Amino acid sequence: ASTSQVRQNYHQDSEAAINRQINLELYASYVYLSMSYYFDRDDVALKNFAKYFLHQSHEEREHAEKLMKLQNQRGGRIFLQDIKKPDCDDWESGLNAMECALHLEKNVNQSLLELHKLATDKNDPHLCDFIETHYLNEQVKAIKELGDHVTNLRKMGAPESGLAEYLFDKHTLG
């Protein structure tokens, strides 16, 4: 029940919301790791899908670490939960994995916008600027890129066309 010497204008609800955001960023990292190694399978074998999702996985881990840094910067206390296994074992195709990534990045975005509404209600301009600076445009860019990718795969004839996924792997992701 004693307070951080650095803590100023940092609401307990914001502190809680940051810890929930940290768990969601580590979850995203885990989903992207899972997708990566699906495409490394001998019966899928799209090495540039695998490389693309592994890079996304490492990105999500940096998102988590920056939130852990912020928690400490503001004098909050990190509280960790189980990282849940990803919601798909089989991802069936390039298109389907990109579709799942798009839904994930939209879920992560919806959580960040909720976090921003809270920071606004608690009048925390530093936490607002942090979220705007480091997260909101990264999400908008990521969602747009996955949108683009999903559209290319669909137009090329995925997931029926194994040729479309092969060529997309070489031209877009290579």
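Note that residue numbering begins at 1 and tracks the sequence as displayed.
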| item | value |
| --- | --- |
| 87 to 95 set against 72 to 80, stretch whose average Cα temperature factor tops the other in the entry | 87 to 95 |
| Stretch exceeding the other in mean C-alpha B-factor - 18 to 26, 154 to 162 | 154 to 162 |
| Ranked C-alpha temperature factor of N48 among modelled chain residues, by third | lowest |
| Chain thirds of CA B-factor: placement of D129 | middle |
| B-factor third for the C-alpha atom of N123 within its chain | middle |
| CA B-factor placement of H55, once the chain's modelled residues are sorted into thirds | middle |
| Chain thirds of CA B-factor: placement of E105 | middle |
